[PDB]
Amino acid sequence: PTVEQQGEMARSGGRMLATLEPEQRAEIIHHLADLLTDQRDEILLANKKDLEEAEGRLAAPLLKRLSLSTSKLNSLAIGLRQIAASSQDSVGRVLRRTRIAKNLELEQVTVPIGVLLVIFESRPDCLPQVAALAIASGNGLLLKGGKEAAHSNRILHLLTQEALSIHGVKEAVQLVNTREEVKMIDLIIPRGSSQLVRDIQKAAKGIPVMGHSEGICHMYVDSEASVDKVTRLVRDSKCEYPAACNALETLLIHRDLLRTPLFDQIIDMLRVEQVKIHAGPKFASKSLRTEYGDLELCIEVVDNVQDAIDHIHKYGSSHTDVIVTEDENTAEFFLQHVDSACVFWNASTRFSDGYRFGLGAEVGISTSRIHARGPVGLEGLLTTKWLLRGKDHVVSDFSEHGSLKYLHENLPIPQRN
């Protein structure tokens, strides 16, 4: 089919998904989760083909994101079941209910955004995440993956369509031919390099784009930091996965620690991990807005929490920023005043992830201050609609000399759990 026909099928499949009972959407997602487990061997075989075709040729950033492990598949399956189990009140949820006037009733409800386009390079593991999240939110979906992940994406899409078939909604998730280049789509979600993400931002006039182009993440080691905690926190944030959007890029160190064994153990762990430190200005006594995405790290000296906060605001990407301290007051101050999507106390920067956060999965991480901030789960794939049911109501009747009065009585709404 043509990409325009895929758009139309995703839209009609999306609309059918939204009219299913919540339990039926959950059923599709449970089935997909089972298929990830049951079909692991074939999944891994197709991923092996991708890896072998990529070996020696695909750029290291893309290559690292290409592999699918038995472990990863196991967490996907766990995450998809969490979505299935938690998503039942999601679509058509009543947000507001107001009696505007006698016989004039308003409600505000959640509805799907419509049709999503996810454009991802490498990352076959995001296919099941975004498909399950779209399914759970009643959305249609077009998937545009790269050549490098063709075998993996192909099988993962097949399985998704097998899961959808149980309620006759295969059309809801379309795989776009790698042939195609970058009114139909309501939202674009790019998953890849800053260049791809900014290229997409540029070519998308009209359509909103959801994500982040950068991950300049900080960790502030406070004067009251536990010597028993700092090293492993810095090591994990920087070294567990240097290429990650939430990898540590700038280590901010309280001044009271420069002549301390705590500071020594840090430099010791950084040299054991073969990490290139670049000294910030104060510290010495290139750029503080750099994402290394490798075994490199900025270390700068600060005077106090306020200084750390100021630095994070000035140089950071508002993605993930962390304080290490034993002082609760100081920690809570930092958590309150750092304006990042994700602010942590005594936990690694690497925790910002939909699955880790108990969302089951993410479509991506957003650093926007509009719509959806941080890892975006199913709720960031919904918008709203205002419904007004009247008798014969006109605004003139409510004017100064009119016959009618407003009541504006908010009515009770079902609690969530």
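Start at 1 and count along the sequence shown; that's the residue number.
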Neighbours in the displayed sequence, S285 and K286 may still hide a gap; how many deposited residues lack coordinates there, none, 1 to 3, 4 to 9, or 10 or more?
4 to 9
Missing from the model but present in the deposited sequence, between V182 and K183
4 to 9
Hey, which bit's got the bigger mean C-alpha B factor in the entry, 218 to 226 or 257 to 265?
257 to 265
Average Cα temperature factor in the PDB entry - higher stretch of 197 to 205, 104 to 112
197 to 205
Using the temperature factors in the entry, find which of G56, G390, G360, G374 has the highest value at its Cα atom.
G56
Tell me, please, which of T383, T37, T367, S352 has the highest C-alpha B factor according to the deposited entry?
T37
Assigned third (lowest, middle, highest) for the C-alpha B factor of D294
highest
So, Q24's CA B-factor, relative to its chain, sits in which third? The middle
Taking the entry's C-alpha B-factors for this chain, is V305 in the lowest, middle or highest third?
highest
Taking the entry's C-alpha B-factors for this chain, is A18 in the lowest, middle or highest third?
middle
Ranked against its chain, the third holding the CA B-factor of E42
highest
